[PDB]
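A quick write-up on the structure given underneath.
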Amino acid sequence: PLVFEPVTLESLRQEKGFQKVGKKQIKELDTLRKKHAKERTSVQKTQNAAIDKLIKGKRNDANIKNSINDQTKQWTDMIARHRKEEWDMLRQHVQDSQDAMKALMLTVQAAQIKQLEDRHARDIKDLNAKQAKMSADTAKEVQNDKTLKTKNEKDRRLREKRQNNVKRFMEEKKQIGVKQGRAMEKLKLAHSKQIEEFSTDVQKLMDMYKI
């Protein structure tokens, strides 16, 4: 409900509306980490078979030592594979979500303007109460003031105060109008700064996962 809140990428992530997609993405990846884990035991178990086939005779044969060397680079090649497979998904994760967030950023800022506008118009409404009460209570003062002499006399002074009063409201109404136009402008640009920045923060993230 806050009128000048920075809409950063991290902030965009916390918005309730993105929780559903965020939750889905965390699983999709977790399952793969599980898939990685199975792929490792399966290869690990397969690796073992070779010893039964090869070391049944039992004197360290020259061929076996080379073979075990050959196996190790088959593990580290799958280890290093599983690395890039996760990161590749992480970078691809961002791209799909980024399209969604852009559409959500817009409705977060637009929310800020609608919150401000209804706040502006209410400040307007409050001033008229100040103005309307102000004008009427002054008249009450005319009756209250003893110095009045005649009804024709009472009216004349009221008209004069009625001009001094209106000099204020014209300025007060004009001065307020400027403050609102300025307040919206300084806001409405911050939006188009946070948005020109967002396009290039998403990019900065994808590169971090690039390999």
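Cβ coordinates were reconstructed from backbone atoms using ideal geometry, including for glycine residues, and neighbour counts include every protein chain displayed. No value in this document is a laboratory result; all are computed from the given coordinates.
One line per residue, one yes/no per condition, for (1) surrounded by fewer than 13 Cβ atoms within 10 Å (Cβ to Cβ); (2) under 38 Å from the mean Cα position of the chain (by Cα):
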site	(1), (2)
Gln109	no, yes
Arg122	yes, yes
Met134	no, no
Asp145	yes, no
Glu160	yes, no
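Specify the residue that is nearest to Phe18 (Cα to Cα); the eligible residues are those in region 78-107 that are surrounded by fewer than 15 Cβ atoms within 10 Å (Cβ to Cβ) and among the β-branched types (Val, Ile, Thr).
Per the criteria, the residue is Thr107.
So, in region 147-189, of the ones that are polar (S, T, N, Q) and assigned to a helix (DSSP H, G or I), which residue ends up nearest to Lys130 (Cα to Cα)?
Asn165
From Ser199, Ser135, which residue is hydroxyl-bearing (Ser, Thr, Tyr), more than 30 Å from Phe4 (Cβ to Cβ) and part of a helix (DSSP H, G or I)?
The match here is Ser135.
All but one of (1) hydrophobic (A, V, I, L, M, F, W, C); (2) part of a loop (DSSP other than H, G, I, E, B); (3) surrounded by 10 or more Cβ atoms within 10 Å (Cβ to Cβ) hold for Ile211, so report the exception by its number.
Evaluating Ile211 over (1) hydrophobic (A, V, I, L, M, F, W, C); (2) part of a loop (DSSP other than H, G, I, E, B); (3) surrounded by 10 or more Cβ atoms within 10 Å (Cβ to Cβ) leaves (3) as the failure.
Can you work out which of the residues in region 1-19 that are in a helix (DSSP H, G or I) and loosely packed, with under 10 Cβ neighbours inside 10 Å is nearest to the chain's Cα centre (by Cα)?
Ranking the candidates gives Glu10 first.
Quick check on region 178-208: of everything there that is loosely packed, with under 11 Cβ neighbours inside 10 Å and of a type in the set (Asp, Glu), which residue is nearest to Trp87 (Cα to Cα)?
Looking at residues that are loosely packed, with under 11 Cβ neighbours inside 10 Å and of a type in the set (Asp, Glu), I get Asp207.
Looking at region 20-62, which of its residues are among the acidic types (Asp, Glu) and surrounded by 12 or more Cβ atoms within 10 Å (Cβ to Cβ)?
Residues satisfying the conditions are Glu39, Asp61.
Of the numbered conditions (1) among the basic types (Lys, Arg); (2) farther than 30 Å from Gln95 by Cα; (3) loosely packed, with under 12 Cβ neighbours inside 10 Å; (4) in contact with a helix residue (DSSP H, G or I) (Cβ under 9 Å, 6 or more places away or on another chain), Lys154 satisfies every one except a single condition; which is it?
It fails just one condition, (3).
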